[PDB]
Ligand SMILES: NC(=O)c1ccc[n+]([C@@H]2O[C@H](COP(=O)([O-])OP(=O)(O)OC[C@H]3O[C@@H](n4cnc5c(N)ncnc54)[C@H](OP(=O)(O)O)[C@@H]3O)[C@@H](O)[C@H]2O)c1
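Next up: a single chain in C-alpha cells, the form solved without this ligand.
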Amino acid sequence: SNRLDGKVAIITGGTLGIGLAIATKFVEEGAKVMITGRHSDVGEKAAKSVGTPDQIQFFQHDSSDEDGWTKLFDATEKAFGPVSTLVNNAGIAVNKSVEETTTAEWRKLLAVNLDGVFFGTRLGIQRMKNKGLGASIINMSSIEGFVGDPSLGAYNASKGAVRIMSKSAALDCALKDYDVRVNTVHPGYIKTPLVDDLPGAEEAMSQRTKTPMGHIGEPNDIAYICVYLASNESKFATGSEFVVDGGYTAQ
C-alpha cells in the first residue's frame, strides 16, 4: 500500500493483458497512470474500468510513432504533472523462423518492439532526468531475450536488442547522475484473452519441457515485479534483468 506514492507512469499497451494488470496495480499503489493502445473503444473502457480520470487516463498511440511519443508525454504531463515512470510494454509477435520471415514482417515487428522501445527510452531519459523524481524506465522483454525459439526469429532479435540497449541506457543514466534507472522484465508465458484465443497455446506452453511449473502465469505476476521496479524500493537496481517465467530459462 502506497508503494508508488506520487509517481506518474506511462504504460504502453496498457489497455490489455499484462499492460492492463500493470496499470491496475500501479493505480492501487498510488500512481497516476496514462495507458496507451491502438483502439479508443478498448482504451477508454480500460481506463474507466481501473479508476477515475484523476487516477488513470487513456491515450491513443502506436509505440512505433515517433512524433506521437512527444504528444503522449505532453498529454501525460498536462494531466498528472511530470512523468516519473515509463513501462515500455507494447509489443507484437510474428510466428516465423528467421528463414521464413519476410522483410515486411521483420520491419513491422522491429518498428514496434525495438524502435518503439528506443523512442520511449530516449524521450523518457530526456524528460525524466534531473528532477528528483526517482525515475524508472521498465523495458519489457521476454524469455526470448535470453533463449532462442525456432519460430520467433524477429521477436528474438527485438528482445535481445531491448535487453542490451537497456543496459547501455542504465549505465549512462547512472554515470551522469540523472536519477533515472532502466531495467528489463522478462515474462515467461502468461495467460491472457489473446492466449485463450489460440487453441492449444496454453497447453503447449504448460508442457514441463517448456514451463517446469506445468502451467503458465497470469498478468499480475508481471504487474508485481513492475511495482517493485517503479518504486523507490528498487533505487539500487539498474541495468538488470528480472525474469518471471515458471522455470523456463532455468533448464
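Start at 1 and count along the sequence shown; that's the residue number.
Checked against the record, the higher mean CA B factor of 170 to 178 and 67 to 75 lies with 67 to 75. In this entry, the higher average B-factor at the C-alpha atoms falls on 11 to 19, of the pair 11 to 19 and 238 to 246. Out of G160, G120, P150, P82, the entry records its largest CA B-factor for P82. Within the selection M205, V185, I190, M213, the deposited Cα B-factor values reach their highest point at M205. Among all modelled residues in this chain, the alpha-carbon of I225 has a temperature factor (C-alpha) in the middle third.
Sort the modelled residues of the chain by CA B factor and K108 lands in the middle third.
Sorting the modelled residues of the chain by their CA temperature factor places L133 in the highest third. The PDB entry assigns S141 a C-alpha temperature factor belonging to the highest third of its chain's modelled residues.
There is another form of this protein, the form deposited with this ligand bound, and it is not shown here; the text below is about that form.
Open site. This ligand, superposed from its pose in the bound PDB entry, has no atom within 2.4 Å of any backbone or C-beta atom of the chain shown. Across the options 73 to 81, 87 to 95, 126 to 134, 166 to 174, residues that bring heavy atoms within 4.5 Å of this ligand in the bound PDB entry belong to 87 to 95. For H39, a non-hydrogen atom is located within 4.5 Å of this ligand in the bound PDB entry, even though that partner is not displayed. Contact check for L110: no non-hydrogen atom falls within 4.5 Å of this ligand in the bound PDB entry. Contact between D62 and this ligand in the bound PDB entry is found at the 4.5 Å heavy atom cutoff.
At a distance threshold of 4.5 angstroms between non-hydrogen atoms, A204 is out of contact with this ligand in the bound PDB entry. Residues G13, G14, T15, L16 of 1 to 25 are found to place at least one heavy atom within 4.5 Å of this ligand in the bound PDB entry.
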